[PDB]
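Following this are structure 1 and structure 2, which are two forms of one protein chain, each written alone as structure tokens.
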Structure 1
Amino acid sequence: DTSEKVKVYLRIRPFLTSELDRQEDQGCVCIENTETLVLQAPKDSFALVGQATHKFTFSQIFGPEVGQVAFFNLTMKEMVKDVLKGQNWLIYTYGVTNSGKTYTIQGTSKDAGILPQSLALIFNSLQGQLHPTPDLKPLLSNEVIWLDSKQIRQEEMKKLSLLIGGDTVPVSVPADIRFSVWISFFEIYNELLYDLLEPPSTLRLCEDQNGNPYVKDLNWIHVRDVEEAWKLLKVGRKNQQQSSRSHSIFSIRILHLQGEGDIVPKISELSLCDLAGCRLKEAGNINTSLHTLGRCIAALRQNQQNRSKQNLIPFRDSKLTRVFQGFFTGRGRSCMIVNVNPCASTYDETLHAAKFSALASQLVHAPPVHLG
């Protein structure tokens, strides 16, 4: 690619009335432009670095004026197209308390986040060009399982059990490809993978034929339309501001299955990984994973065409980077969604989050500091 690195995108959460009631507004978050976020310290005269201004590069920045759907329509819809066009894409998400990441990605049903809108766009696009029933499972990005009658019925029973126990992209091929769209949802917690679509009541890793790691015995669920996917995802969410304590990975695989029943058609994968931002143990593990992840991303940014050196990407040091080895390697590509908040109480965490997750981070200092 053209040194794409990550192409990070930023959301800035608006203030809430209860937050303004407590004078949380002290100008923590602002923008020099849509590309460079500016983070400044609040005037923390309390408790008896006047600005400490930091700048963070992003592919695009979206202020409080930009809603969830406004965010999706500007950045991620293309990536959805890019997946169904024939690519494989992975959207990381990061943020801290009050950042709005759990509302940016999931959100409500009306001001839908990136995840429900990805569901909406993809499933509405492929109506009239999908297989009515399950016929072919996307186990791997380069392998599938053809399902006999009993297997198809069993998968339908799985989908119905998960549903019962508590708009367009350039792709348009009716009567040529009976698309088979399947979804999955799990989480990495304490370096253990837990399948989450299994309704409320540990997964393993192994490589494919080309050495790409994948997760074993993942409860892939065939889906017909938007609402089935959203309901399955919502039920799976219960097994996982309110923020995660684990790295929750949702994924969708579309089989471009021609009418002849082509085995191993083009498998198009879109995945989203919501990342957790001194409960001690998990916290250390979270930090450990994030640390490894940062190194990997740094390597992935250091090993672009800007250096033309590969060095080592330490993706083997964690489950999170190992399962996403294919995207560090080149079998897929990845981008980032960062969330922040202008509240004073969040500032330090927010700042750290940007320093972890921005496309690039620099110190401005705000030289007007050193007043005294």
Structure 2
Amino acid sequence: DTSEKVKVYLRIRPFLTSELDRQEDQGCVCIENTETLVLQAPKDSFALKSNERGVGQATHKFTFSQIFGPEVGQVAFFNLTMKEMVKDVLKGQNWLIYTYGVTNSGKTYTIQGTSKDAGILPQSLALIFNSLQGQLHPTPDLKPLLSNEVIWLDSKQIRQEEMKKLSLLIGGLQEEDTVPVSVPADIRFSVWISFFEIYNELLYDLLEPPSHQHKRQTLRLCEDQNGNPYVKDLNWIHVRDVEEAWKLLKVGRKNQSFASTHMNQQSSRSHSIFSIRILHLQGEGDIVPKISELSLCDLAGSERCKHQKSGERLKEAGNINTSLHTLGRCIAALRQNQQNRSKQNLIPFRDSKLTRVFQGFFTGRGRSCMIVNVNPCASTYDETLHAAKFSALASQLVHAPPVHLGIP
């Protein structure tokens, strides 16, 4: 490869009027260049100038593949990042999107959200569907259950799936490209979607509506004939237009677990995985037509456990932390798997459920990419630093000559 690395992408949310008046733009974050960021603590009058044991500046430089400031719009941000990746997916390859952030980082705004200012998810969905417009099979006849195998549907099974999706859509219903077609009139493109989560290292589906208080969706992680892993007994839904898929994901996120935090706010406590699989079946069709998987993973933000130390949440908090740590190690191995070093190392993907589910893409069956969204406000500065330490390609300490006070 041409030094792929993992192609991290940092996005800075613009300041809000409701927060700028509170004196949050303290110069903590500023873009040195499109490849480097510098982070500075809220020192001087922004914090208590008294004492300050060696915290005069506390400046840290971080290296990123690309940094996108507030000047970049939603469509502009999507076009320069994911459009090439959407093209690569419609070619026939697979892809993933890791997304990391904290409250006020705007990751939920970046990936999904307002219909007008479409996020990464709806924009990619629209490009994918507009690209294959006029190449949709008349009916569903095939399930992408496994990453390399298929299940055939009869008329009764097709009707049952139709009833399933109709019941899922009608319940909880509120209000909240073609020109570069790969190969029309020779290969039909069928699109299926699934959505689940990891929670306390237990897998749980999300397309199943709230059947009962108990979440008896403990999906088991099996391995196929070739040893590739796969979640067992996961629901998949055929989609005919962009609005159906988007609405199904709103229902899935509605089912998604949420919990309060140490402010008057609510946030996710699970690693949610969304998957869209495109079956390319040529006129011949043969068996198990080509399959192309695009996945997105919204990761629970790492949060400190001192302020949160009340209730059982602490438990899941720890679990979340552990999972993310393992993920980082895997990425580090993938940043050493590069021929850059000759020793090489084993990727410890088996140490957690989340890494194990993504086995083929650390092994080399696919390509992965990461996004980190950051709140530039000073009050969250420490959190931003942690996010940088999770996602930075490299870090540098300028050593800050004004630091080391007390001593003359």
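Sequence positions of structure 1, starting at 1, serve as the residue numbers. Rigid core: the largest C-alpha set superposing within 1.5 Å between the two forms.
**Student:** Does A353 count as moved between the two structures, where moved means a C-alpha shift of 2 angstroms or more after fitting the rigid core?
**Tutor:** Result for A353: no, shift under 2 Å.
**Student:** Once the two forms are fit on the core, has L20 moved its CA by at least 2 Å between the two structures?
**Tutor:** No, shifts by less than 2 Å.
**Student:** Is the C-alpha displacement of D262 equal to or greater than 2 Å between the two structures once the rigid core has been superposed?
**Tutor:** For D262, whose C-alpha is compared between the two structures after core superposition, the shift is 2 Å or more.
**Student:** Superpose the two forms on the rigid core and tell me the Cα shift of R178 between the two structures in angstrom.
**Tutor:** So the C-alpha of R178 has moved 2.2 Å between the two structures.
**Student:** Superpose the two forms on the rigid core and tell me the Cα shift of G211 between the two structures in angstrom.
**Tutor:** Its C-alpha shift, to one decimal, is 1.4 Å.
**Student:** Would you mind giving the Cα movement of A366 between the two structures in Å, after fitting on the rigid core?
**Tutor:** It moves 5.2 Å at the C-alpha.
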